[PDB]
Each structure stands twice: as structure tokens, then as C-alpha cells.
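Take a look at the structure set out below.
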Amino acid sequence: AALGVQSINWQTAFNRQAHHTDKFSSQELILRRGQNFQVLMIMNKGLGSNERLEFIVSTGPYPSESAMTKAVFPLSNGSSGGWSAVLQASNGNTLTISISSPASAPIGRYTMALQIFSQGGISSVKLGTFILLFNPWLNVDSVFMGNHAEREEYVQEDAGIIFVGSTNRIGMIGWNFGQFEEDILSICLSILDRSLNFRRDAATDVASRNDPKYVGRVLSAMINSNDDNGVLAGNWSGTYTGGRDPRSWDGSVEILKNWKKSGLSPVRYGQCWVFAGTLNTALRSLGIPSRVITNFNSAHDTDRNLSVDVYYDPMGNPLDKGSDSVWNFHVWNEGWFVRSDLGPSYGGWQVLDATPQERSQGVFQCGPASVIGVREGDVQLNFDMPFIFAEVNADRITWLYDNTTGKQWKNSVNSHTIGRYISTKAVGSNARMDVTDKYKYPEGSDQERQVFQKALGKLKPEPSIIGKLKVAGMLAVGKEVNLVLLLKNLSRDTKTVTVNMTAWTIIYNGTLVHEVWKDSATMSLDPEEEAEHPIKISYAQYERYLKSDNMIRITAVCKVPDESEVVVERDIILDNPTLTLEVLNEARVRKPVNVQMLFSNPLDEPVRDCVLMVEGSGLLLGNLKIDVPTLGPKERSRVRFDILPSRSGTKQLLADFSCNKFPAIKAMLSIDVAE
Ligand SMILES: [Ca+2]
Ligand SMILES: [Ca+2]
Ligand SMILES: [Cl-]
Ligand SMILES: [Mg+2]
């Protein structure tokens, strides 16, 4: 009889353990490039001396040896360079074979076939399929990350933290990356077979999948539904009918499964952190060390001049003209890999942004941008350096505009307000890791200014009154809003100040929603005198126009005869009433755990359409939806439900409580699941 295979033992558990891919909730053979794995092949007879076995691995619709999307290698003994198979042992008709791949092989789904040369003939049989990923553990892989703890956080961690809020109140929200959840890896892999690049030229796309730079840039495009049937549809209007309020999501899992389940129809809706969380999931799943970055006072320069304009009218009203040019915060991602296209000094963290802000080559994609390069102002390098630099270090110009006259007049220039408290989750904990120093030289330093000029060069070759807005008291949705405008006269004369104020509800990006309060006043001040003008906004006044951001823009334009206007600005954040999660017993893997949701209604009216959304990788499969009954005025809701832990360690439980009066109240609970 001719030499032939009877069966193959992929030793899946063993290889996956060795290749750090055992966390994926999948039964497939998942491997990482540049690392070898062992298989056992039972032949029908012994391997003859004059016989030969040749392995054939191939990926994509056009497997080409030239493009490295197809490799044919013989069962040798001397481990070869790229793909190779070594016969480490023969027992009976069983061949113990060690197969290795190149650290440069394209990532994705491969199929393996065997060609046998026996008794003068040739026979072929398919052995099976496997998934090959980037290998952050391999010193020669470009995504290599040497530090154990860092690699664990940036690749293996599925529970995360994303900072939000404002420069006045930095907050955080939990996020379930869930890269290990059922079918997630599969979906993230399918994204590459659905991009514009892949449809344009499938043969070249698949070949380029050996480049984290390429893969990274594609994902920045494919995570938003713009141009290519991507995953998320952005919406910063404060009205999300036809979908879900961006603030209600708790992770990337429900989003990716919804995308697939709907025939790849846009998931409605998302905002920057939603795009970044979802991107972070794809990146970690594929093996590219990744993390989420939050830039407060993020500028959106729309004409590459490193400058952004914001306008107000003499009555203190923020004009749409630029109300969103400087977001309270903007969230993006960083990918870790070397930049062979830029040089040794630019390797490391690379900015990637899936939020559709600026088009790049006609498509909404952004990055990779070397963080190091951004700090030095080398915005001539790929990709999208100019835009990102502006996001973190653009100058802010305030303008006064009177539509009635057509007149426009510059009020002031601030070179240090853009790009502050750039944060990311600390490794192994929830602490805030500030990385501003990584994106720019110290504000107020000559370097900072020297770099600015350098970057701008590559793109294009006294007041007597001081004001300040302080928050008086507690700010919570349900309570009246109390502020005070503090004004002081630094001149030697007695000044009379005319003050025009407004309060608008906004979306964190700056999108103006509705005016909820306005007022004018004139106060006389003697030299060095300090006065306070109270600003009181009732719940009734803002409740109808306040969105899930729970933000309000407060402005006061003040002026004294013969002096330029003084503009005082302050965005405030109202806290949602507290939502609480409690475990009623010790948490052990595979053992039922009793949990409790607690919420008290602070309003004098009842809350209806109450829905609880709970999820957490390793704590429960998918998302749990509970319909809680109407909660009367000042009453408490106590919801019970059990979770069933599947993986030990530190897990993150997340919940979203939504009702007619309070959309997207959030909760998070750390739970140590024991074995
Ligand atoms: Ca897109
Ligand atoms: Ca600056
Ligand atoms: Cl999967
Ligand atoms: Mg501009």
C-alpha cells in the first residue's frame, strides 16, 4: 500500500498553552507566528527511505508562494528558516513533528495540506485548519513586548478602564473588551476580509496582513461604519432613536456580535470611547499589544494650521461655529510595534483612531502615528501626524462675533489648554497613568514652543477684570445647579462691568443642544474689589434638555468701557444618582454567585422603562437584560440575579441602568473569583 495518513493529533491544548492562546473561548487551533508547535501524525505504515512528505499551508483566496500567503515545505530535520517541519521522533507509524512558521508570516486563517511521494505516485489530503496570530512574545516579531506584566495587560487583559469627564473632573468607566469571548476572535478576523483594501485587491490585502502597521490602519477604518460597512455608526447629537445611546454600552462584545448578526449593518450608535474600546478588542485579539488613551481638551483642527477657533456672541452665547472644535475629551488607541518604515527611533506606541473625524486618503481611517514622533514634531512621517499633533498641542483662539454687524474680533490666544491629562489605565490596576509627557514637552517650556514652531513650519513654510466660574456645592441630576461668577478689579479705578451669561446643555464633544438659562447684570467694582454673581439653574429648567453626558456649558462675557471683553468659560458635569452592585457571597469558579443591584430614585416623579444591563467576561456569558418595574419617587429598587463565574482571578462586573429620566447610569464592581 502507498504511504498515507490515518489521523493527526494537533495537541491543541498543549500547543495553545505554549502559544498563549488558551484563553480564547474556542475549540480551534490558535497559534502565533515565528513559534513552532508539535503535532502527532499516525501514518498507515512506516516512513520509507525513498518516500517524502510535504506540508502546504495557505491563507486567503489567492494562496501565493511569492506573496508568502502559501508555503510548501518538506519534512526535513534541520529546522529551516521560514516554514519548516522537523521529524523529532518515530514510534511505530507515529511521526512526532515540530512545525514552525516565520515571524513575518501573514496573520489569519490558514489551511494545512499534506503531499505524499510514495511508490512512484503522489497523493494529497487536507490535514485541517488553524488560526495564526501576531506573537508579542517573540523577540523577532515586530509587535514584540518584552515586559511580562505590560504584555499581560496590553494583550491578555479583557477587563478595562477608560477615563472620561473633563479637565475639572476626571472620571472613568469600565469596559468589557471580551477578546476571549465566544466567536469574538472569529469576528475580528472576519473584519479583514471585509475592508475596502480586501475588496480592492484581496491578494495584496492578505499578503500585507503580516504588517501590524497595515492591519492597524485597516482596523482604524473598519471599526467605524463610514465608507466601508464598518462596525460602529457615530452620533454626537444627543438623540439616538433608531439605536442605543452611546453611553449605555459596557463593552465591545455585544457590539461585534450585533454587527455580525445584522448582516454587517452599522451598530447604532457610538462615540469616541466606544470606537476605541471596540478597536482595542480587535487589536488585543489579533495579538497587537494595545491600550486606550484619553486626551482632555482634544482639538479638531480642520485645516492643518495647528490652530482652532471657538466663537461666542456679545450676549455670552456659544456659537455652533466651533463649539465642537475642542472636545472635553477624545478617546483613541495606541498599538505597540516597530516602525520599519520610519526608523529605529520611532518604534513603540503608535496612535490608532477609529473615530471618524478627519479623512485620510479620502477614507475615515487614522494612524499609525509614532507617539515619539508626535512629541518631537516630525509630522512629515506617516500616518496622519499633522492632525494628531494638533489634537494634543494646537493653539486655542477665542473669537467674539456679532452676526448683526458681520464683525468678528479676536479675544485671546491660549497655547496651553489643548492636550491635558492624557491618560490610560495603569498596568495591573485601575489607577490613572498620565502620559502627557509622552505626547509633548512640558507646557510653559521652551522645547514645547520650539517643537510647535518646527511642526508649524513643516505644514506652512493688561485687562482690569479677571473672571472665574466656581461650582457652588453638589452637582447631580435632580438637584438645582449652583454656580458663582467671581470677578475682581485689578485696576486702580472703579470699573462698571456689564455681564451677559448663558447656560447651554451640550454633548461632551461641544455639540450645542439647548439654552437652559441666561441672564445679564452690571456690577460696580472698586480697586481690588472681589464680587460674586450667583447662577442658579433649577432641575425643571435643564431636565428637559440635558442629555446622557450630563453636561452644561456656562459662559459669561463681561466688559468695561474702553477695554476688550473678558470671556469666562466652564463646562460642568452633573453626577447621575448612584447605582450600586453587590455580591452576596464568596465568588468561586463554576459556582453560582448571588448579586444585587441597588438604585434609589431622587426625583419627585417616578421613573419608567427601567432596564438593567449586566455583563463581564469570566463572570457571565454575554449580556443579561432585566426589566425592572417603575420606581416611585424617592423609592429604592433592589434587583437580584445570579452570575456563574468561569475563570478565576480579578474580574470586572459592569451594569447599565436606563430609565426615562436617567439614561445610562453606570456601575462597576471588581470581583475576585477563586478557584
Ligand atoms: Ca469605515
Ligand atoms: Ca501647547
Ligand atoms: Cl472565535
Ligand atoms: Mg484650523
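Numbers in chain A come straight from Swiss-Prot, and the residues shown are 2-462, 480-693, in order.
Backbone N, Cα and C define each Cβ position, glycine as well.
For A2, the entry in Swiss-Prot reads N-acetylalanine, with the evidence type experimental evidence. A2 (N-acetylalanine) is surrounded by 7 other CB atoms, counting those within 10 A of its CB over all protein chains shown.
The phosphotyrosine annotation in Swiss-Prot covers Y111. Around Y111 (phosphotyrosine), the same-chain residues at least 6 positions away in sequence with a Cβ under 8 Å from its Cβ are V58, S59, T60, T130, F131, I132, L133.
Look at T112 (phosphothreonine): DSSP puts it in a strand. All protein chains shown were included, and the count of other CB atoms within 10 Å of the CB of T112 (phosphothreonine) stands at 14. Look at Swiss-Prot and you will find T112 tagged as phosphothreonine.
Under the three-state DSSP scheme, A222 (Ca(2+) 1 binding site) falls in the helix class. Counting every protein chain shown, the Cβ of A222 (Ca(2+) 1 binding site) has 23 other Cβ atoms within 10 Å. According to Swiss-Prot, the Ca(2+) 1 binding site annotation covers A222, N225, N227, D228, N230, on the basis of experimental evidence.
The feature active site is assigned by Swiss-Prot to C273 (among others). DSSP classifies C273 (active site) as helix under the three-state reduction. Counting only same-chain residues at least 6 apart in sequence, those with a Cβ under 8 Å from the Cβ of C273 (active site) are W328, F330, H331, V332, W333, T356, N527.
Sequence annotations record features per position, and here Swiss-Prot assigns Ca(2+) 2 binding site to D302, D304, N306, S308, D325 based on experimental evidence. Look at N306 (Ca(2+) 2 binding site): DSSP puts it in coil. Its own atom aside, the Cβ of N306 (Ca(2+) 2 binding site) has 14 Cβ atoms within 10 angstroms in the protein chains shown.
Residues or ranges marked as active site by Swiss-Prot on the basis of sequence analysis: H331 (among others).
For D354 (active site), other Cβ atoms within 10 Å of its Cβ number 31. Taken from Swiss-Prot, the feature active site applies to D354 (among others), supported by sequence analysis.
Proximity of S416 (Ca(2+) 3 binding site) to non-local residues of its own chain (separation of 6 or more, Cβ distance below 8 Å) is seen for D396, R397, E444, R450, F453, given in sequence order. The Ca(2+) 3 binding site annotation in Swiss-Prot covers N394, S416, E444, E449.
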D302, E449 as binding-site residues, winner by CB count within 10 A: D302
Rounded Cα separation (Å) that holds between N394 (Ca(2+) 3 binding site) and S308 (Ca(2+) 2 binding site): 9
From recorded positions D302, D304, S308, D354, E449, the one whose Cα lies nearest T112 (phosphothreonine): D354
From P462 to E480, where 17 residues lack coordinates, the CA-CA distance in Å: 32
The one of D228, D304, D325, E444 whose CB sees the fewest other CB atoms within 10 Å, among these binding-site residues: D304
Shortest C-alpha distance to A222 (Ca(2+) 1 binding site) - which of the binding-site residues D302, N306, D325: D302
